[PDB]
Amino acid sequence: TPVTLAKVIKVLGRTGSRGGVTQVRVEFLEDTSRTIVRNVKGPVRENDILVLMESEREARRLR
Amino acid sequence: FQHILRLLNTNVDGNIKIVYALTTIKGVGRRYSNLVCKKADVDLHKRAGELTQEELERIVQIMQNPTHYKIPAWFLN
Amino acid sequence: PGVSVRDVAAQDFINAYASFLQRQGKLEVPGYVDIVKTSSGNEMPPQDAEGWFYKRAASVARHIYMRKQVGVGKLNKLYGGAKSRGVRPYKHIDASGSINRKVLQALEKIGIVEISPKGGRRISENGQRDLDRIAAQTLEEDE
Amino acid sequence: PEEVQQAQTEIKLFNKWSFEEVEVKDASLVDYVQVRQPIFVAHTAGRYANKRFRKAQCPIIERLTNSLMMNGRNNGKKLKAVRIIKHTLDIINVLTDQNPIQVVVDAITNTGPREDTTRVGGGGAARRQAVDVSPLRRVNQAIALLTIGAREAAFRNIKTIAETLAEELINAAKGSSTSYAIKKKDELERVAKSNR
Amino acid sequence: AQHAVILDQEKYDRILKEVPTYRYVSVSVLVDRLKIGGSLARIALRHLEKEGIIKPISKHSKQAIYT
Amino acid sequence: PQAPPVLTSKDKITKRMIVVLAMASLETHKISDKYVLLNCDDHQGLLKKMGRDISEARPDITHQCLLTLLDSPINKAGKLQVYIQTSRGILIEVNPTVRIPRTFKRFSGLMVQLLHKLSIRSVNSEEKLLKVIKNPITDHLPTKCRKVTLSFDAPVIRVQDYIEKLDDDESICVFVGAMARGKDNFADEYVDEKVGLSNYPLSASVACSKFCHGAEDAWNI
Amino acid sequence: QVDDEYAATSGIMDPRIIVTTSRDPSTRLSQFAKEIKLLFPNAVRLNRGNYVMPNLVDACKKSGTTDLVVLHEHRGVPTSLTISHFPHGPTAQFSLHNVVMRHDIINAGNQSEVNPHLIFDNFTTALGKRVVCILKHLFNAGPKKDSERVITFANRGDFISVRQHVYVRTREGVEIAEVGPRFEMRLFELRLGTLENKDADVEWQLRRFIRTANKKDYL
RNA sequence: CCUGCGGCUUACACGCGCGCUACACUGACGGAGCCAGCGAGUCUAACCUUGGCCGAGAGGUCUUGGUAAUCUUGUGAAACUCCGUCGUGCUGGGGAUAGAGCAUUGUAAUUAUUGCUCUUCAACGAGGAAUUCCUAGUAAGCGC
């Protein structure tokens, strides 16, 4: 189960959810075509790197 | 090495060093044990598996005759 | 190029000066060391209570080489600490006065202690020579 | 002295392990782990806690050095932590003489729980939602888990803190889950994938 | 006693078989129930004669001697 | 030989299980000096004035379950701890080191001392058996556990087969509530399964003894 | 009467506050500091740890602050208070006695922290005027026409007592609910020098071993 | 164990809260090294002091320094650092608990006023429901 890598393009805004977790748009570092919003919990920023354990999972508005 | 044995009607172990095995009795504390080990001319770091009954009866008599061997009146319980 | 006790280490030169005093042999230590703990805030007696007075005298000689003069109050507060008074708050206490006065008399026997200006403690030519000899012996401790 | 001339050319870590040739194995930790700083001791107490990303400015080794004095019995003791860190580094360089830095970096890279999980209140219905973990967040979590396992080791054991720390670092470098931090990372991944 | 090396001769044989090889540290020299009736943690004290197995690790002290 | 070790939340990865009791009448009702319990047939003014019912309030269900559970052969083999969720929400963890008396007067006195204390002590003064974990049972329990409600309405099966099918690292848990009029829903949200053992309605003591007999022949306990 | 401590700034600028404590507060004293923070508008606070007071106050002064309150205690509960008005203003040093705690009693709603309504009751002497002006210039300038947060100072028997009450204009009269703490506040000195001086012009000290101060208010 | 609001009593079985000490090897005791600031202090009185002295210590000896950066005072502080001793032992962690002796007043300590010393060595194996405060020289810990 090789978890891919993803570089965050930008932190997705207005993602109404529980305070502490945010949706952020990241394009995969394996290939710059796979891009999706993902739910990041830790203190993050833009243009960073992260490990994505799912391939085509995309975040949504979590109320 | 020696295990517990009858000393002043107590059972005292010898595998531990000479200060604390000489402390578990009523009327003797840390400082009293240390100074009687000083006054009985025994090495302070020995455990009492050694120190055969010569020195054991010597510390018996230094208990029952302490002021003979410079145990001061300000040290008394 | 200049040999100083200040160049020499704490534990190393302390053991060296204590052994040199043991090599000197004559210091007239008090008989209370068989029963004393060298402080009122102390709980157990000193482990090497025979060389505890020697270590204290070596530290006093090091201070007398460093500072101009000291006193029994200064020595006692210098060699003083807190106390196991129980559970109440422990302040810092001084060291034993009679042990300090005897040690002050004990170092003038070897000539290490002399009456400083306006009284106090100082070193003499014999004390400075012995300190220099012990330091040079400890200057060759690098092997 | 002689070691003064030796360190005059190469600034090794305390002149006992080389502070060069350190490598970071796992990805997504570049610019999240500070390994590019040539220094002497991990006690550079300059103001770095003020900002968020300036905490990544201090080394992860200095972060673990701060993690040593994390207890009521030791909060605020510096030189105890420094001497314990030197002893633990010597224990690492004895168990694995490659580099204390390289072995510690390998353990940090192999002790990372790649996934996170959150409990969403849901208006009164908490649910387990798998979420990502940030790079400095994952690094801090691994360092904290390691320091916590090391501290929990020395509860009833005459082993030194440096010894238990080196044993946990070896378990993490092997990834054998013989340490609390590696077991915590495995259980965290298992829980995150349990409710993915 | 009855030999003054009681639990410190066969244990010494096991130590010479094992501890002179890997080696352990001053904390791991407490293995095989190194306890009272001899030297529990004083294996480093007697390690002046034996050398060349592994560097030591001193907790209360701070030393690493190749023994 | 020796007895098996302490079977509690500390014994987590080892062979252990939990017996869970709930929906009993266990509180502290001080009669106006000391602390007393809610008795139906004893106090007539107090029970009617409290707001409870004679058929509903049952304080001896826990005592009967403890009498039928603490003497189990599996309990002497070191495989079960006791978890109790009281009517006031109190969660109590009991190791099998001792055995409470079956005398409801003495058991009620010990329970009232626990209610006024939350603290029990040993004769040897070394092992306070009455531990209170962070409530409920599943907040500090073993890391591998099996949760199931043993209902008289759930699927009735033999206790030997289901227990023998379980792994030795998991902790089978059973929830029992001896309501004279009630339902098998006291710890429904905590149970991860719904299984049955008997074809007739039984109290907590009888169902607990049936589960203990099944566990005794499961792994020869 | 507006004073030289306030004439250039009384209704001109609305003030901000800073709440802090003497040295190593007890937890309940910190909680009471939290209450006096949340009662005041423009409320920001900062814990004092190992701080030299000339350095602390001087650093707080260039950053811009109108007033500074700092507390004391006696084994858990507070006893004393002082106010330091920053632009060379007068420090006032009080003894506070009784308290009710919003944590303690009930959650009775909310301290809405709106620009509150101000009440100063039964002040006659020029010292009463000094207390009224100094304390009035700590509240926000500009509550609304119907600001329902009535703060209340009462000056009966030299023990000024403060409460907070929240009112609704019900059918035949207002109706009030009790919030905030309730106090027995009493001053004992006024110094026009700010507390950094330690030696400047003391306006006022309470005579204590004067006989007639059994009876007389205001010295 | 001291202590702030609540029961009952005198010419003691209690309900709400604040703190300190510990529940041991980053530990505990033996010796070595050591970095402060705040101020305070005595004329017709004896303060704050330096030393030498002796007494384990507790405590007593005369004197200058200081009416004040001068003498305390560099308050040589404590945690801190090194090695030594010790092995997790409810031991040497721990001293609540008593008794005795010693100084030491004071008219008397008698109701352990205080201080030393010896002896006595409880609970405490990390504390549930809850629970407050907190975003850097900060929480936290140490002393004058």
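We number each residue from 1, going along the chain as drawn.
Method reported for this entry: electron microscopy, 3.5 Å.
A Cβ is built for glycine as well, from the same backbone N, Cα and C atoms used for every other residue.
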Where Swiss-Prot places ubiquitin cross-link when the choices are B:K17, B:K70: B:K70
C-alpha spacing of B:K70 (ubiquitin cross-link) relative to B:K39 (ubiquitin cross-link), in angstrom: 8
Cβ neighbour count within 10 Å of B:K26 (ubiquitin cross-link): 7
Which same-chain residues, if any, lie at least 6 apart from B:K70 (ubiquitin cross-link) yet have Cβ under 8 Å of it: B:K39
Length of the line joining the Cα atoms of B:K26 (ubiquitin cross-link) and B:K38 (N6-methyllysine), in Å: 20
